[PDB]
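Position 1 is the first residue of the sequence, and the numbers go up from there. Computed over heavy atoms, backbone and side chain alike; hydrogens, waters and symmetry mates excluded.
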Amino acid sequence: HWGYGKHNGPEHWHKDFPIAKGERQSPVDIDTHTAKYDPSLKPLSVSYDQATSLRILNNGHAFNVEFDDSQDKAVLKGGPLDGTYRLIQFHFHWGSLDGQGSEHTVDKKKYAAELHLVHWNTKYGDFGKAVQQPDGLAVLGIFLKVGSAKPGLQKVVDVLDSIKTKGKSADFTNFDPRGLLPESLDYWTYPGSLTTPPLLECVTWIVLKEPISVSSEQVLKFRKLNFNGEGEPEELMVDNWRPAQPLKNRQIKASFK
Ligand SMILES: O=C(O)/C=C/c1ccc(O)c(O)c1
Ligand SMILES: [Zn+2]
């Protein structure tokens with residue numbers, strides 16, 4: 001199957017998922033000088049106070065912290081969005097070195113990692129139906145740079161040993177995702193896609209301008225995870241990021257002047 005290796009990595013995905021060469025693929029490079037401020041963009045509304053996390057799972061490509069999305073608990077609205085989007089899970093993409101790891105880039109700059117808070121449009125009823133729609137998902141992207149530790153990330157770092165290999169999961173209740181947000185909600189937004197197969201073109205991307213800082217020790221722990229399952233040759237889970245894709249006929253809008 002697909003992955004991030006030399007023989008099954010991003011350059012190969014188009015053979016099983018032709019949409020990989022589509023008109024609105026993600027990630028993209030955000031050219032800060034070309035992005036245009038859009039004064040009509042409403043401020044983002046991130047309501048995570050009633051968030052209910054459930055479990056953390058190593059799925060062989062990244063680890064996902066899953067939330068109960070059977071009710072309007074944790075929701076994203078406003079900004080470029082029409083309607084209410086419910087948080088279903090968050091995950092990260094990271095590198096084998098601090099100089100790479102993010103999927104979106106800013107003026108070609110690569111960050112050490114990137115957090116994706118995934119939300120689906122409640123007008124579509126469930127996640128599976130939402131990914132089949134052009135405005136089905138809203139993903140909040142947050143860059144991570146290596147520096148000071150992020151306290152709100154430590155509980156995730158400490159449970160990683162329990163989900164080292166593909167297919168392993170662990171209880172992960174009472175985790176507050178608000179601890180992963182930067183101070184400012186200034187953002188860039190554009191229409192795009194899932195960045196892993198099936199690469200569906202169903203995402204309104206909202207990428208925050210302000211990165212969060214995490215420590216070298218925190219990201220080092222991410223790099224101890226495994227892509228393989230237990231009892232299989234160890235392949236470290238590093239560089240699970242897709243590189244920037246052609247912008248094509250799209251404009252990236254900024255919420256700030
Ligand atoms: O196939 C699915 O069921 C979900 C895929 C998925 C979900 C969230 C992402 O950011 C992404 O790249 C892919
Ligand atoms: Zn992602």
Side-chain angles (χ1 to χ4, degrees), residues 13-14 17-31 34-48 50-51 62 64-93 102-104 114-143 177 180-181 185-209 242 244-256:
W13 301 348
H14 72 101
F17 301 95
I19 203 61
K21 298 179 185 273
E23 295 302 303
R24 54 176 280 186
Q25 288 290 292
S26 294
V28 298
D29 176 53
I30 295 166
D31 189 82
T34 291
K36 189 187 162 71
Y37 167 64
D38 187 344
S40 69
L41 283 171
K42 287 102 183 58
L44 262 183
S45 175
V46 186
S47 293
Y48 286 170
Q50 295 289 296
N64 290 351
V65 170
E66 305 160 349
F67 289 77
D68 170 15
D69 64 348
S70 68
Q71 288 194 82
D72 266 9
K73 299 186 173 196
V75 303
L76 177 66
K77 59 185 54 149
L81 313 167
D82 285 332
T84 300
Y85 288 68
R86 293 185 192 158
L87 178 66
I88 174 171
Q89 53 112 318
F90 70 73
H91 57 275
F92 303 81
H93 302 262
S102 66
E103 294 210 304
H104 290 87
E114 183 174 329
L115 166 64
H116 288 164
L117 289 134
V118 182
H119 311 76
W120 56 273
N121 198 329
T122 64
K123 77 159 60 191
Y124 299 123
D126 66 47
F127 182 85
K129 283 283 76 52
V131 298
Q132 297 178 53
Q133 317 303 324
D135 58 351
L137 264 50
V139 184
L140 182 59
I142 299 179
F143 294 117
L180 299 179
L181 307 174
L185 295 185
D186 287 346
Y187 63 86
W188 291 287
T189 182
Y190 75 97
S193 71
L194 303 180
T195 68
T196 60
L199 304 171
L200 296 174
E201 291 180 335
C202 63
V203 184
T204 293
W205 276 94
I206 298 171
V207 178
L208 300 191
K209 168 200 71 185
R242 185 189 195 192
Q245 302 300 304
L247 187 62
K248 297 198 174 170
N249 190 40
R250 293 177 286 181
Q251 284 194 314
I252 299 181
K253 295 305 194 183
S255 77
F256 58 96

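Between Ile30 and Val207, the closest heavy-atom pair is CD1-CG1, 3.9 Å. Residues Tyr85 and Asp135 approach most closely at OH-O, 3.0 Å, considering heavy atoms. For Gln133 against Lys129, the heavy-atom pair with the smallest separation is NE2-O, 3.2 Å. The nearest pair of heavy atoms linking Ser193 to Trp205 is O-NE1, 2.9 Å. Looking at every heavy atom in both residues, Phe17 comes nearest to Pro197 through CE1-CB, 3.5 Å. Closest approach of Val118 to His91, counting heavy atoms only: CG2-CE1, 3.8 Å.
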Side chain to side chain contact (heavy atoms under 4.5 Å, CB included) between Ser45 and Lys77, worked out: CA-CA 5 Å; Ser45 175; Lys77 59 185 54 149; 3.4 Å; yes

CA sep, side-chain torsions, deciding dist, call: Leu180, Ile142, side chain to side chain contact (heavy atoms under 4.5 Å, CB included): CA-CA 9 Å; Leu180 299 179; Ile142 299 179; 5.5 Å; no

side-chain hydrogen bond (donor to acceptor under 3.5 Å, both in side chains) between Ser26 and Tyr190, worked out: CA-CA 10 Å; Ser26 294; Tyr190 75 97; 2.7 Å; yes

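Inter-residue side-chain proximity for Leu208 and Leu185 is flagged as met; some heavy-atom pair is nearer than 4.5 Å. Looking at heavy atoms from C-beta onward, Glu66 lies out of side-chain contact with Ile88 at the 4.5 angstrom threshold. Within the 4.5 Å cutoff, side-chain heavy atoms of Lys73 are placed close to those of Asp68. Side-chain contact check for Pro191 versus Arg250: some heavy-atom pair is nearer than 4.5 Å. Counting only heavy atoms from C-beta outward, the side chains of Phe90 and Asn64 never approach each other to under 4.5 Å. With contacts defined as side-chain heavy-atom distances shorter than 4.5 Å, the pair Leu194/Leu137 qualifies. Here the side chains of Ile19 and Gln25 are in contact, with some heavy-atom distance below 4.5 Å. A 4.5 Å side-chain heavy-atom check between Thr122 and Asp72 finds at least one atom pair inside the cut-off.
Taking the six-membered ring for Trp, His104 and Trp188 have ring centres at least 6.0 Å apart.
Look at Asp69 and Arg86 and you find no salt bridge, because none of the NZ, NE, NH1 or NH2 atoms lies under 4.0 Å from a carboxylate O. Here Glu23 pairs with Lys248 in a salt bridge; the nearest charged N to carboxylate O distance falls below 4.0 Å.
Proximity of a side-chain donor or acceptor of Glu201 to a complementary backbone N or O of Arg24 within less than 3.5 Å is detected. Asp38 contributes a side-chain N or O that, together with a main-chain N or O of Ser40, makes up a donor-acceptor pair within less than 3.5 Å. The main-chain N or O of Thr34 is found under 3.5 Å from a side-chain atom of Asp31 such that the two form a donor-acceptor pair. With hydrogens and angles disregarded, no donor-acceptor distance shorter than 3.5 Å links the side chain of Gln89 to the backbone of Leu117.
Atom OG of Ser255 and atom NZ of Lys209 lie 7.5 Å apart (nearest 0.5 Å). Here the CG-CG distance, from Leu140 to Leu115, works out to 7.0 Å after rounding to the nearest 0.5 Å. With rounding to the nearest 0.5 Å, the separation of CZ in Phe127 from CD in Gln132 is 10.5 Å.
Partner of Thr195 under the side-chain hydrogen bond (donor to acceptor under 3.5 Å, both in side chains) criterion, out of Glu114, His116, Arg242, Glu103: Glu103 alone.
Within a 6.0 Å sphere centred on CG of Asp126, other residues, nucleotides and ligands contribute more than 12 heavy atoms.
Taking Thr189 as the reference, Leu41, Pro80, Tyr187, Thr204, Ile206, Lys253 meet the side-chain contact (heavy atoms from CB on, under 4.5 Å) condition, with sequence neighbours excluded.
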